[PDB]
Every structure is written in C-alpha cells, then in structure tokens.
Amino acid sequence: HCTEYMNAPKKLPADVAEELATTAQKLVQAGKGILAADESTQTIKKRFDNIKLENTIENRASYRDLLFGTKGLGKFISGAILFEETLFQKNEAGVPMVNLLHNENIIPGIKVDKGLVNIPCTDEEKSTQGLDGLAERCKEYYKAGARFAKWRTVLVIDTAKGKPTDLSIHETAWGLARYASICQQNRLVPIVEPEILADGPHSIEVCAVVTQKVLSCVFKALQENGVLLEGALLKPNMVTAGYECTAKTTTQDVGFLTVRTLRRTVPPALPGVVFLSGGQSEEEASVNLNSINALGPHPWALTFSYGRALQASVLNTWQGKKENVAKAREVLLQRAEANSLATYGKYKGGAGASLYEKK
C-alpha cells in the first residue's frame, strides 16, 4: 500500500484500537474486577445439583437476575462474563438481563470458545476449539451488547511426562493468539486465559518455571498475530504449588512467585491481569490476591476474574428460593468487596501477634 516495513502485522484502525483500549482499562478499574457468570448448561446444572434444584431456563434466568440485579455491585465489579444464552436472556419480569448490568454500569462479556479436545500425539493434552465462525459470532455478540470475550485453554504440569509439552504450549499459545486477534478486529477485548492446572505434587518453583515458559510463549504468539496488548487482558493461574504437594507453602509465596513470573514475562502495555482462582476457596482466592497486591504498586492492574470464588456461598444461601435473594445478594456484595479490597492490598480477612506490657 504505502510501502513501509511489510513483514509485520498491520495496525488495527485508530477507532477500534481506541475503543478496545478504553474497555480494557475500564475492566481493570481501581478496586474492581470481573464476575465470571459464564457457566454452561452442563456446568450450571452441577451447581444446581448441590442445592437440590432443577436446571430449567427459568431457574437459570432467576439466578443470573439475582447476581446482575444486585444494587451497588458495580462498585466492585467492572464486567461480567456471560454464556451465550444469558446474553440474549430476560428475567421473569421481562427485562433484558444485560440491562441489569447496564444499570449497575457493568460491562457485559461473552465466553466464545467451543470447549476442549485432545491434541493427537500428546497424552491427552488439550486444544481449545472455537475459531470456526468466530468473527461472525463476535459481530453478533457486540450487537447484543458484549464488549469483551473469554477463551479458556488448559495446560497441565506433569514433570515425569514432560508435561506441558512443547506441542501443548504452542497449540495453546497459537489458538489464543488467533482468538485474540479475531476478537479485536470485531471490537471485543479478548481475555487470554492459558490456565496451567494445579493438579499434581509439584513445588511452587516448578509451577513458576512452567508458568513463565508458557507465558513467554503466549505473548510471543500474541505479537506474531498482531494483537494489541493495550486492548487485551490476561487471565493466568496464580503461581501455587500443586494440589497434592506435601510442602504446604503460604500466601506470601503465592504472592512473590506469582508477581515475579509476571514481571519477567508480561509487558506493561498490557493494562491488567485478571487472575483465575482454580480450585481455591472463596477466602483463599481473596487472601492470595491480597498477598499479590501487598507486593507492590504494579506496572499493571492485578485483579480478579472469579466465578466459583464469587458465587459459591451465594448459591448455598439461596437454594433457588425467591425469599433468599436478598440474603444471597448480601453475600455477593460481601465477597465482591472482599476482593475489591484485595485489589488494593488491604483485605485483612479476620509475628506482630503479641501479649503486651506496661510502662
């Protein structure tokens, strides 16, 4: 066209690039994080099984109404990740549920991946499907009100099986980069999620080594495909020891080795990191996010994209009952504020421990 250095990806249009940037900043606003309410019909069934409830469209609509219709939730929540159904759903009173987010001033988002499949020639390592027709879905989702997207990839740590294998790392890293660039082209901020699972008895150090390698590879793919980091977000695992590791580390280690590995791999042009919580308890999700943020004023916003970590108690203190909606939202604000405080490094929770004297 205007013969410049032509072996590099082209720039997004001024207009689209600027909109993506603003949404991304808003998503990691001071003291705010993301609510992952994007559970599928099969996933959201299992949550309703705990509380003895049928997985009906009315029950799903009432629960998302419960969540999104909470007053002053937007104080602590910047965006909400939805499953497709919910983006086009209404509550029993007929109100579009996206407008409940609008009214709390919360940005709607949409899970766009089509799930996991095995990579052949690996030992059941996972590839994330979704690229077919994605551009066209994104246009539709933006019209529906969605301003950002989610795509989840899964890597596993199994040292003796060389596992997260090179194939696994680049399938993941490349698919995330394709996804991200299709989103941005069609005006959605991509949340890039390379979840390294915490399964196994590996040390926190091994996790740091792997998480650092994976992330270097992810960002390299991101640059290859021309992804604008300014209009994008990262949803990584925290750096923890594996689930069955006998050496039980502490929240300060989680905080240090997590911050370290991000500092080595994440360029500051990326406006923020929205941590996934994995199988962490609601409380640990907050304690560990706090320990991360006690460790600095960071070059990017270090915040949360929590589902289970924000919803677990809300479901138990609801039981499908329209009576308990008030007390269910009481708890959601509680958890939302708890993690909003962790964002600052000011969530206490509930050494300097001393019995004192006198003079």
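Numbering starts at 1 and runs along the sequence shown.
Discussion item. Ranking the modelled residues of this chain by C-alpha B-factor as given in the entry, is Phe88 in the lowest, middle or highest third?
Written reply: Top third by C-alpha B-factor.
Practice prompt. Would you please rank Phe48 by its C-alpha temperature factor against the other modelled residues of its chain and give the third it falls in: lowest, middle or highest?
Written response: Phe48: CA B-factor falls in the highest third of its chain.
Worksheet item: Should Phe304 be placed in the lowest, middle or highest third of its chain by the C-alpha B factor in the entry?
Response: Middle third - that is where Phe304 ends up once the chain's C-alpha B-factors are sorted.
Fill in: Lowest, middle or highest third - CA B-factor, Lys327
According to the entry, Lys327 has a C-alpha B-factor in the chain's highest third.
Fill in: Assigned third (lowest, middle, highest) for the C-alpha B factor of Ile292
Its C-alpha B-factor belongs to the lowest third of this chain's values.
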